[PDB]
Amino acid sequence: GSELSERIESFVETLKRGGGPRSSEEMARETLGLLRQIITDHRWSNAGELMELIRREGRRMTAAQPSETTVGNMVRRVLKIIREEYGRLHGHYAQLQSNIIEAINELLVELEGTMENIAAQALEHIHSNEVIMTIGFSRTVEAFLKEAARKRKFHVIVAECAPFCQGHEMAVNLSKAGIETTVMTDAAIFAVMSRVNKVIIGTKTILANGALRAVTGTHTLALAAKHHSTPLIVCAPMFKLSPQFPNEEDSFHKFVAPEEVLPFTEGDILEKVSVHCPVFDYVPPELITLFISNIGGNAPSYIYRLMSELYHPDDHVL
Amino acid sequence: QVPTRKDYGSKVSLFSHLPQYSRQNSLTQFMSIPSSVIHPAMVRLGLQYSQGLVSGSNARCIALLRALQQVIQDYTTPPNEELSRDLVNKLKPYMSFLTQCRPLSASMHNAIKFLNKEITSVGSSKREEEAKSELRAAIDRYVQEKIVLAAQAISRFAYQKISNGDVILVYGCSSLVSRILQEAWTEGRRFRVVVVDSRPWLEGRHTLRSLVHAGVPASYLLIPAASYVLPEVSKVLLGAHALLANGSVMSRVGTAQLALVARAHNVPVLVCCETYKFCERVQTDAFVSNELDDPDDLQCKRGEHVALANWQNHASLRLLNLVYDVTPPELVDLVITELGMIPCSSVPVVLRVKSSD
Amino acid sequence: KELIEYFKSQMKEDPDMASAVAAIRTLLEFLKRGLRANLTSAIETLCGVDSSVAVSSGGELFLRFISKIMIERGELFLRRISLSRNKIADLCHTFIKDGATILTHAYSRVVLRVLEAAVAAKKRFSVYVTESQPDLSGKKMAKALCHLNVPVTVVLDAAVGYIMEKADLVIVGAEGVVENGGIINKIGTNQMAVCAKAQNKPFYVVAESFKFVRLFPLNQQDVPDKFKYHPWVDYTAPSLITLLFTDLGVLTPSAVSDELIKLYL
Amino acid sequence: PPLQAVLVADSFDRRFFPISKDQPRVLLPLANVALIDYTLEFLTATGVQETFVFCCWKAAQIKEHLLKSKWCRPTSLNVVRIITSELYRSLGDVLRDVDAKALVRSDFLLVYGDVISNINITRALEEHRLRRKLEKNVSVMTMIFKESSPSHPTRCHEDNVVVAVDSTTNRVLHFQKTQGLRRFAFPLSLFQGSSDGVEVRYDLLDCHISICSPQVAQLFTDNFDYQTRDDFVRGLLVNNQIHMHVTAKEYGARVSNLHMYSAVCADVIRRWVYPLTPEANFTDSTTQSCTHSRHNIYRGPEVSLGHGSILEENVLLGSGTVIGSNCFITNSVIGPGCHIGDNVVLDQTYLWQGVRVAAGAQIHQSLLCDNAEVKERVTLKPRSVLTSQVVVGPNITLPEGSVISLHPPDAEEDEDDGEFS
Amino acid sequence: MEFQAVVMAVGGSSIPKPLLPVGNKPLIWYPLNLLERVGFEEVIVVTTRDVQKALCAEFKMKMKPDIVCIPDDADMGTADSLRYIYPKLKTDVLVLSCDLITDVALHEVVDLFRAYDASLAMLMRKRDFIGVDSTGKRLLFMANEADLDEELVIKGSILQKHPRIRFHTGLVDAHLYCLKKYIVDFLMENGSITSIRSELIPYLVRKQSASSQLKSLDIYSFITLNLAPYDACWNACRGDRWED
């Protein structure tokens, strides 16, 4: 009641203001905690009433941060789980609730071992004396690299995503493990791409076409990799996979303040300039070769089957 | 004597043959204060090259020719020796000192070649001060025509291409493209410019100030936002630093990347280069001949958590900031010279017809 | 207007005659009557009738070539233009193999000359002619090639992607060549060149030397509006073009820029 | 300890005439959002658990406005306290009313009701608490500033301030305003008071979020003549020390006049005050949601742009705005429920809710207030002001400096029509 | 010939500077050592006459290979000494003094003179308040508390073109200067200025005919915090110091 609405309002304002928490896996765990806390302390007669309640509570989290699709498609996965439980019990008050409890607990068991399974199958994609190029900062790709370097000796080009230099942290965290890393800017991507053998990047949101949004400037890396014919490896979990089509809804990119691009101390020329800072970008699925999830490697021509196995077509509007 | 500067940091394994210095230390720590081995204008030129005060490709050539005028004006003739041999033998350690300060642009290479060809063809019957006046007048005529008349010709040839209502994308800092944009705005074209910049030089602020002071509506963004705005961009202007024998475009490091993304968005790119900046030298990558900037320049202050502060303590960490790259000649459409609109395949043609053939 | 009347008398008396040739002959006829250069300048300011690229290109090249030897200069210039087509056929018809499938655009006398020179050298081949219909001129090309006793098939305009996989080479005569190696031609040249590049077929351009115009279009709009007029004119990129066949020899598309730099517009 | 703040919802400087005499200055909308909502959003984004809103002039309208807002909800983290008295008429009077009622406990935020900012104060808060724990309660005030430019269009000559500070322990030594002074005299006791490395600072934008202590309220109680903040800081620096925090990547400024208003609203539209952007919907109302397009184009629900209308740069359209055909609007803010005619231009203008623009009007860099109306063929020059339903007659070109209202003595006209006076 | 270094022999009540000031060795040998290490094959030396014309015998004991010694008057300054040897100098003047204990490698002030095309480059080390830029190379304001009735006044235009100016208190002038030719040309054209320490304040870069070449002339200064120069104001670190 009071604590429920208080924590819901706190989560909504946390998604409205900034990125809280920092890890997307931690935000997914808090999303499952919010959904189990909202189903354990409420009352319903029909399962469709709970479906409408979860939809009404998810619309606010979607309108809080539209660029954060993880809470929205996790709400949609929990909606499909509750729909499948109502379907297997339809062909109902405490038994359905206990089934929802054990299913969301099983979803946390599956979600805690996602990066572990990605690091487990990391060995079948990296050979010795290999030139790797990445962009931005992501825990999945650096875990991939620090597990692949346990038995193999290779090189990683840590290209920074530079609206704000976050890839320096990835370069330092890899060089502490000894991956023989090299730091450059966004302007040397195609200049170094003639020596890059594979492209291993992360993403923010996998779309329904197999398209993906990620840290900005990676569409340029995908174009240079398609020019030099190198395969792209997308180490991405199964909760960044969303049924939002690219041109269907607006607010695709996330815009931040232009201070990180052009500072406030520039002068009188700030009045007559328009400085936009997209921290994301669009990558079409034909520029992608392989997706790496915790269940195995999948093609961009196979994301629709995971969409059918994880999502329901009457929930794509939410 | 002039020693060699120590290489700074841990070099890239692909760039071990190219030197990588630092702007913190200077070579003139162990040199005399009255400059005797190196000319004082030449060591002044090396100081304003090494500290980064002269960064434009045309400004280096202009300051080079002014320092060469100061050297030839302060030249004397020894007994039983010719000027046409002694000046050749004396200007080579000067250019070696300038090379050890900062690697030379191809404009400066062709300036050295043209000046060596002119001082080689000085007759023996000519006097000292008469040949000094001939060489100073030749340098003055050379910089006069092959800077400002070529700049006005390229400005007119790009003014007759830019139409009304279009949008123009630029990259880096170049006086020729900025002069084209200013003389296009003053003569009646109504357009706005999207300025693309890159780290760590951030030299797009110069042409941003130059376009705001000229009254042009401007837009400022970086390399990753260029992919966001090129579906709206219809025209890309670029500033070339050297053009090769195969038609490659040596420019700032974000040039071939931007041209590939513009061709992916069907946006034609336009480089603007004067004919003295050409090359009979040719390369196909950014690895066999390139300039290496400071490895301490990539660090920045995003909050209070500078990660690349103590980068030398990490043995497996490498820092690299490339200056030049090349374009494949099938990516660049225009080559705008003072002779007219030529493609990329016409660069050795213009080399032939301007090399007295 | 006696200049347009002389142009119509020189162009309508022979239907197999080009327009720019008659325009340069009209300029020479004004040079026959200084006052001759003033009359030639007056009629070339007054010859704004034809919207073809080759007419204005030959007018500009004659205006440069003129600048008492002007009459003999135009005389041997017209001699070279008249003897150009035999050198065109003799330098171009040696590439057609036996049993090849020819793809051909709309009617032009240059491709008819090279096909009659090809059948003159005892070669057997089938020709697919695109109908190219803002007006039925590909049907006229197929009729003029059926009189040549060669197997011709009237092809629908939207089938150049349909028949590209069986036509091993694509030979198209152009009506105007810009400096970089691209061509200005009839509107269906661009789609044929793109379908030939996607199917890796060699796209050959067969045009003379007087069609060298000093223009540089980047897009389909950057060609001039006075040559466009439902457009009649497209633009083909020089990367889509394998070879050119001029009277100076079989040239790569980068050689037209060399000739125009050595000629200086 | 719980973090408090004193919110002065009445700037007693007389600047918005005759703008403020119809609705108060904390209720003036930048882009469909009043300034009190921006101030409460900044205070709840800082981490302040309880604020004290001090509304004196038109206090009933301020109370009726903010009781229906988000910050009076029981689910709100930042609970507000409305304190209304018609006796006080100064900033020092507000702070001694704070000291008399024993409201604040320790380390509260002194802030005005019209401050537009996104600065994290918690770094300045922990530095101020560390200095108070080190120097034992002699750190009196921490004046927060922002790195800026001398030619920047936001800061005006009535707000340009130069200070000389200790570059080591970041404390302020000197304070004087630059209004009407081409030369600046700095005393010699500044350098003898602090000798750890002194440096003058002219690139500081005064965001007026100077966080302070209840000993400041004690000093305002001890001296009656301390009317406002600049008198206090000059009287303390002429005689307890005041420190300084510098912000380098987060924006902060408040409105002083119409130049400050236009500059900070152009900063809001150009997203300089992120996260506080108009599409994030920080104040939970149903009629203020907007859609963010390219080039900072904001479009609300049910706008229905006409044929040939051009929106190129930095526009915002409220809910219910009716725009005709062939318009050309750039760098402008349009309120909810407006009526825009045909063949009109809007260049750096600010039109609030309820306006009606006829066909053929030429408005440039103006301020159209609530329920306004302009007729055909009217050409507005830059810096023209019309407030609260002024009807300007047809075929009349207003001059550059032309403030018009229904009130006779404060403006250039009266309650009569604009065609014939 | 890029430079022609000049050694001054005046003062400016602790100890006499030219002859008597012998801390560990003779004082006049150290500036000639500073010259004769990094080049300076041509040396001109001004002699002192404020000690009743007796410092020439102390100046003729260093035994440098090339010296130019001149007689001077008793009541005379640095600027009058620059005006005295004006028709025999043809290039940049690099001014020193007799009492100069300089551990600073003097190539860096010459680099500040060369690289930015400076008109004046001086050396100082931690009364006189020196306002320097945030980089630390270009000084912008300098004055003493003796000629200022009001404490210190600062123009607004230098705050507009330089928003932050770093002020120092404990700096002392090491008297290592680098003058351009038109500076001593203006000293010849304006003979009222004496004691070149008092010439550093009327430099006239700001808004005001007194310039020879926005567009102005550049003057720099290097502040050292490692290499110990000579100092006698506080004398706490000067007495307990080592001379290598």
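Note that the chains take the letters A, B, C, D and E in the order they are written out, and that residue 1 is the start of every chain.
Here, a residue touches a chain if its C-beta (ideal position, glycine included) is under 8 Å from a C-beta of that chain, and two chains touch if they have at least 3 such contacts.
Which chain is which protein? Per UniProt: A = Translation initiation factor eIF2B subunit beta; C = Translation initiation factor eIF2B subunit alpha.
By number of C-beta pairs in contact, chains A-B lead all other pairings. Centrality annotation: B (chain centre taken as mean Cα position, compared with the mean over all protein Cα atoms).
Most remote chain with respect to subunit D, judged by CA-atom centres, is C. As a whole-number value, the distance joining the C-alpha centres of subunit B and subunit C reads 43 Å.
Subunit D has its Cα centroid 47 Å from the Cα centroid of subunit B.
Inter-chain centre distance (subunit B to subunit E, centres taken as mean C-alpha positions): 39 Å. Note on chain placement: the centre of subunit C and the centre of subunit D lie 70 Å apart, centres being C-alpha means. Residue positions of subunit B touching 2 or more other chains: there are none.
Shown for subunit C are the residues in touch with two or more other chains, of which there are none.
Shown for subunit A are the residues in touch with two or more other chains, namely 260, 266-268, 274-276. Looking at the complex, you find that subunit B touches subunit E at residues 26, 28-29, 31-36, 40, 43-44, 47-48, 51, 53. Interface of subunit B with subunit C (complex): residues 161, 268, 330, 333-334, 339-343, 345-346, 349-350, 353. Those residues of subunit B that touch subunit A in the complex are listed here as 12, 14, 198-200, 205, 208-209, 212-213, 217-229, 252-254, 256-257, 260-261, 264, 285-287, 298-300, 302, 307-308, 311, 314-322, 325.
Residues 45, 75-77, 118, 146-149, 151-153, 203, 248-251, 266, 270-275, 277, 279-282, 289, 291-293, 295-296, 313-314 of subunit D are the ones touching subunit A in the complex.
Across the complex, subunit B is touched by residues 160-166, 168-169, 171-172, 175-176, 178-192, 194-195, 216-217, 219-220, 223-224, 227, 253, 260-262, 266-269, 272-278, 281 of subunit A.
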